[PDB]
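Engineer: what's the 3D shape of this:
(2 chains, ligands or ions: 2)
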Amino acid sequence: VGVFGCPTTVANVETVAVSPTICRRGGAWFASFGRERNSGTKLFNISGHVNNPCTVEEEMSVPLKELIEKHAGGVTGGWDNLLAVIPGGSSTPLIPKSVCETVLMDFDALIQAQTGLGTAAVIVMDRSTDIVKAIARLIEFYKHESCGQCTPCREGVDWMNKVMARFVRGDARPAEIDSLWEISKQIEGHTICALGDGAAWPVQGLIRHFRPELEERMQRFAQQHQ
Amino acid sequence: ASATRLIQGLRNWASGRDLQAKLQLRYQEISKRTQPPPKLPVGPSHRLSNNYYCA
Ligand SMILES: Cc1cc2nc3c(=O)[nH]c(=O)nc-3n(C[C@H](O)[C@H](O)[C@H](O)COP(=O)(O)O)c2cc1C
Ligand code: SF4
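Structural biologist: Numbering: from 1, shown residues only, chains lettered A, B, ... in the order given. Ligands and ions are numbered 1, 2, ... in the order given. Shown next is the protein structure:
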């Protein structure tokens, strides 16, 4: 039951456009690139804090450091200036600088990094970035773009945006980090589509990789306002 | 407590005990009628995490 109640396949622009190239060039040709069950080429959108933000077609299992340093010229201030990378657009959890050294930009090697590939959209965030402001703006995106149909997204994404807007200032106590984690686990997997999942995932990534930065944010708020 | 020492001594002799140490009439030593405002502590389930009701 798809469009108008007919049989329907909804498919991406990329996975539709490459299919005559697969039929002309061959199946084994498209399967030769990348790892096994990660076959082919892929469009990568390197944006954020790089020198040359650009769209580039690249082989599937390319390293992230090689991709950013070659096609984008590296992070603004060098690779040592890297702080975090959202690997595949906003739905995927971010990975810190300690993971971006050896990670591969296909599905499975990012799933091993407890994130996802997704849309293959490399958002690069250097040391000059307030990461909490960026992730709270990302949750602001997921509450301004959410259709309000079922309960956990409609309520909890606004509630995660309120808790993240307080985490930007630090107007909380650290027991509201883990609390917020539970709120993500009360959204991830209990909604209709994966925008509840795509909004629970960045909160989980931010907590899991920069819990002490949120904690020192909140403690310096608590000392400078008391 | 205002019993004079002759009546106080006669009363201690008649009872046989020391009565002024243990008076059954209350005086200034009891608590104040106006108490300061308290701060009552919260229970063990007043937590924001790991606090599911099913467990
Ligand atoms: C909230 C949400 C938004 C999505 N937006 C797009 C989109 O804009 N474009 C797209 O190709 N897939 C999008 N998807 C993924 C689709 O559900 C689906 O996987 C895809 O459109 C078709 O599958 P395919 O990968 O075989 O082409 C979105 C998924 C979710 C949960
Ligand atoms: S959870 Fe999904 S179906 Fe529900 S309002 Fe959010 S995006 Fe819509």
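Engineer: Could you give the number of residues near the closest residue to ligand 1 within chain A?
Structural biologist: With CB to the nearest ligand atom as the measure, the residue in chain A that lies nearest ligand 1 is residue A:12; the distance is 3.3 Å. Yep, even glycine has a C-beta here, placed from its N, CA and C like the rest. Applying the criterion other CB atoms under 10 Å in any protein chain shown, we find 9 residues in the vicinity of residue A:12.
Engineer: buried set for stretch A:115-135?
Structural biologist: Neighbour-count burial for stretch A:115-135, counted by 16 or more other CB atoms under 10 Å in any protein chain shown, picks out A:115-126, A:131-132, A:134-135.
Engineer: Surely residue A:205 touches residue A:91?
Structural biologist: No. Between residue A:205 and residue A:91 no contact is recorded; they are 10.4 Å apart, counting by CB atoms under 8 Å.
Engineer: Find residues that contact each of the two.
Structural biologist: Taking CB atoms under 8 Å, 6 or more residues apart in numbering or on different chains as the contact rule, residue A:205 and residue A:91 have no neighbour in common.
Engineer: CA-only coordinates of stretch A:16-31 in PDB, if you can.
Structural biologist: Once non-C-alpha atoms are left out, stretch A:16-31 reads as follows in PDB (Å, rounded to 0.1, in the frame of the first residue of the first chain):
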ATOM      1  CA  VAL A  16      17.800   5.600  -8.900                       C
ATOM      2  CA  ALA A  17      20.300   7.400 -11.000                       C
ATOM      3  CA  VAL A  18      23.100   4.900 -10.600                       C
ATOM      4  CA  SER A  19      21.000   2.000 -11.700                       C
ATOM      5  CA  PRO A  20      21.300   2.400 -15.500                       C
ATOM      6  CA  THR A  21      25.100   2.700 -14.900                       C
ATOM      7  CA  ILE A  22      24.900  -0.500 -13.000                       C
ATOM      8  CA  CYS A  23      22.900  -2.200 -15.900                       C
ATOM      9  CA  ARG A  24      25.300  -0.900 -18.600                       C
ATOM     10  CA  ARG A  25      28.700  -1.200 -16.800                       C
ATOM     11  CA  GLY A  26      27.900  -4.400 -15.000                       C
ATOM     12  CA  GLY A  27      27.100  -5.700 -11.500                       C
ATOM     13  CA  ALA A  28      30.600  -6.900 -10.700                       C
ATOM     14  CA  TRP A  29      32.000  -3.500 -11.700                       C
ATOM     15  CA  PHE A  30      29.900  -1.800  -9.200                       C
ATOM     16  CA  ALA A  31      30.500  -4.500  -6.600                       C
END
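Engineer: Other residues contacting that stretch?
Structural biologist: Stretch A:16-31 is touched from outside by A:39-41, with contacts defined as CB under 8 Å, 6+ apart.
Engineer: Return the entry from those with the maximum number of neighbours.
Structural biologist: Going by other CB under 10 Å, residue A:40 tops those with 18 neighbours.
Engineer: how close does it get to residue A:112?
Structural biologist: Using CB to CB, to the nearest Å, one gets 19 Å for the distance from residue A:40 to residue A:112.
Engineer: Contact partners for the residue of chain A closest to ligand 1?
Structural biologist: Residue A:12 neighbours (CB under 8 Å, 6+ apart): none.
Engineer: how far away is it from residue A:48?
Structural biologist: 22 Å.
Engineer: Equivalent analysis for residue B:1, please.
Structural biologist: With distances taken as CB to CB, residue B:1 is found 84 Å from residue A:48.
Engineer: Compare neighbour counts for these two and give me the winner.
Structural biologist: residue A:48 (21 against 8).
Engineer: from what I can see that one touches residue A:124, true?
Structural biologist: Yes. With contact taken as CB under 8 Å, residue A:48 and residue A:124 are classed as touching, separated by 3.9 Å.
Engineer: Does stretch A:184-192 reach ligand 1?
Structural biologist: No. Under the criterion of CB under 6 Å from any ligand atom, ligand 1 is not reached by stretch A:184-192; the shortest gap measures 9.2 Å.
Engineer: what's the closest non-adjacent residue to residue A:50?
Structural biologist: For residue A:50, ignoring the flanking residues on the chain, the nearest one in space by CB to CB, 6 or more residues apart in numbering or on different chains is residue A:72 at 3.9 Å.
Engineer: and stretch A:102-112, anywhere near ligand 1?
Structural biologist: No. Contact check for stretch A:102-112 against ligand 1, using CB under 6 Å from any ligand atom: none in range, with a minimum separation of 11.2 Å.
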